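The sequence shown begins at 1 in the deposited numbering and counts up one residue at a time. Don't be surprised by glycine CBs; every beta carbon is placed ideally from N, CA and C.
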Amino acid sequence: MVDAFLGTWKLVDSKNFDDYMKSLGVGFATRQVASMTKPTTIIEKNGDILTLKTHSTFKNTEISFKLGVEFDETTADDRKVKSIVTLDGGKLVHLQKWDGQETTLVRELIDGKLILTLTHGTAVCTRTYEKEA
Ligand SMILES: CC(C)Cc1ccc([C@H](C)C(=O)O)cc1
Numbered sequence: 001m002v003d004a005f006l007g008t009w010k011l012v013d014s015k016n017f018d019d020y021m022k023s024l025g026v027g028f029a030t031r032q033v034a035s036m037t038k039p040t041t042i043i044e045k046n047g048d049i050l051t052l053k054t055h056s057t058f059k060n061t062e063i064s065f066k067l068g069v070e071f072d073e074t075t076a077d078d079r080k081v082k083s084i085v086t087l088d089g090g091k092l093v094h095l096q097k098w099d100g101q102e103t104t105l106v107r108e109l110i111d112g113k114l115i116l117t118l119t120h121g122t123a124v125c126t127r128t129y130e131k132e133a
């Protein structure tokens with residue numbers, strides 16, 4: 001049911017995002033900007049290439065990848081990371097590694113909503129998204 005992730009998703013709730021960003025070394029001025037927008041995330045597929053786009057006023061980003069194939073990514077906060085996206089049951093797991101550390105960005109569909117859990121050590125952030133019509 002990978003296809004249930006496809007489409008356009010809008011942020012409707014957040015918890016611990018500011019704490020998560022602080023845990024990655026994102027400065028207060030940038031955290032303030034990042035938190036005061038409700039981003040849109042577009043997930044699309046073309047053959048075996050997936051694309052994830054994030055649109056806001058903090059930044060626009062786009063990554064393209066194949067499931068299970070490591071890729072280079074430069075995150076919204078300017079980390080150069082080694083990334084991989086996998087499917088673990090119903091969880092779409094985006095792992096970012098750099099400099100001996102890591103963070104996961106996990107997406108799961110619960111009751112039709114897309115729950116994005118961001119984990120960096122003990123910092124855990126929940127970002128709740130609703131599908132656009
Ligand atoms: C450190 C931070 C700026 C990286 C980051 C983490 C999550 C998201 C998602 C799409 C969101 O804002 O929900 C965007 C960018």
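Distance from the Cα of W9 is smallest, within the candidate group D19, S56, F17, for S56. DSSP, reduced to helix, strand and coil, places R79 outside both helices and strands of the structure shown, so it counts as coil. Rounded to the nearest angstrom, the Cβ distance from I84 to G100 is 17 Å, too far for a contact under 8 Å.
For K91, the enclosing beta strand (DSSP E) begins and ends at 91-98. Judged by DSSP secondary structure, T30 falls within the alpha helix (DSSP H) whose first and last residues are 28-35. Out of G90, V26, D77, the CA that lies nearest to the CA of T61 is found in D77. For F71, the enclosing beta strand (DSSP E) stretches over residues 71-74. If you check the CB distance, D19 and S35 do not come in under 8 Å.
With a threshold of 16 other beta carbon atoms within 10 Å, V12 falls short and is exposed.
If you check the CB distance, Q96 and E132 do not come in under 8 Å. Residue burial annotation: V26 is buried, with at least 16 other C-beta atoms found within 10 angstroms of its C-beta. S14 is bridged by DSSP to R127. Just so you know, the alpha carbons of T119 and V81 end up roughly 15 Å apart.
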